[PDB]
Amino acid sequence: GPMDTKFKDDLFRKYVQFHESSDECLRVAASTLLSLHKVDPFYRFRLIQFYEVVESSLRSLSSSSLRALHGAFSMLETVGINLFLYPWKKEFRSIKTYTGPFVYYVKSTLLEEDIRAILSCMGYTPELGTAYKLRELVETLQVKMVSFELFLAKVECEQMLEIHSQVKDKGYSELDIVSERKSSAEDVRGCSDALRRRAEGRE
């Protein structure tokens, strides 16, 4: 079914409040939201094409993994947080992407067009494919919303890492885990149980 709006709205408000004032308590809530009431996987995200970006990364970028994706989404989340907290600062109206840790964590892991799409939701557009800049007036609510989905994305990577750990002896790839998680609305233990049973031949 649909995502729980009340739970999501409450979590969003607490996420913004937290940053305006460790996010582990927020991550526990996010982990609950991502499986709550058997929300369909295709309703977990509305601004990022999460499972498509993940599968593109795992298939196309050889250094990647769910761990690497966690790091890329975390770095992009921090870009968003800085922008909605400090939109007047030159260092966040123009961001550093062609050199520095952004190369190692994001360019290594997400396709260029997915970087561009995610950054566009924050109002960043590039020049010559780089030099991302906020060229129109900031829309902090939109920045907050995509930052929040990058937070959910990093947590969802944590969920899929956990699914894999619970069925780690059966020879599955991370791509196999992603396909179960996007196909089934079960929680983490449900997904791992299904993967185990399938590997055992029990359907």
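The numbering used is simple: start at 1 and walk along the sequence shown.
Peer 1: On average, are the C-alpha B-factors higher in 68-76 or in 83-91?
Peer 2: Result: 83-91.
Peer 1: In the PDB record, does 103-111 or 124-132 carry the higher mean Cα temperature factor?
Peer 2: Mean CA B-factor is higher for 124-132.
Peer 1: Looking at 44, 144, 59, 37, which has the highest CA B-factor as recorded?
Peer 2: Top of the list by C-alpha B-factor: 37.
Peer 1: Would you mind ranking residue 19 by its C-alpha B-factor against the rest of the chain and naming the third, lowest, middle or highest?
Peer 2: Residue 19: CA B-factor falls in the highest third of its chain.
Peer 1: Quick check for you: using the entry's CA B-factors within this chain, is residue 10 in the lowest, middle or highest third?
Peer 2: Its C-alpha B-factor belongs to the highest third of this chain's values.
Peer 1: Where does residue 137 sit by CA temperature factor within its chain: lowest, middle or highest third?
Peer 2: Top third by C-alpha B-factor.
Peer 1: Going by the entry, which third of its chain does the Cα temperature factor of residue 30 land in?
Peer 2: Ranked within chain, residue 30 CA B lands in the middle tercile.
Peer 1: Comparing residue 154 with the other modelled residues of its chain, is its CA B-factor in the lowest, middle or highest third?
Peer 2: Tercile = lowest for this residue's CA B-factor.
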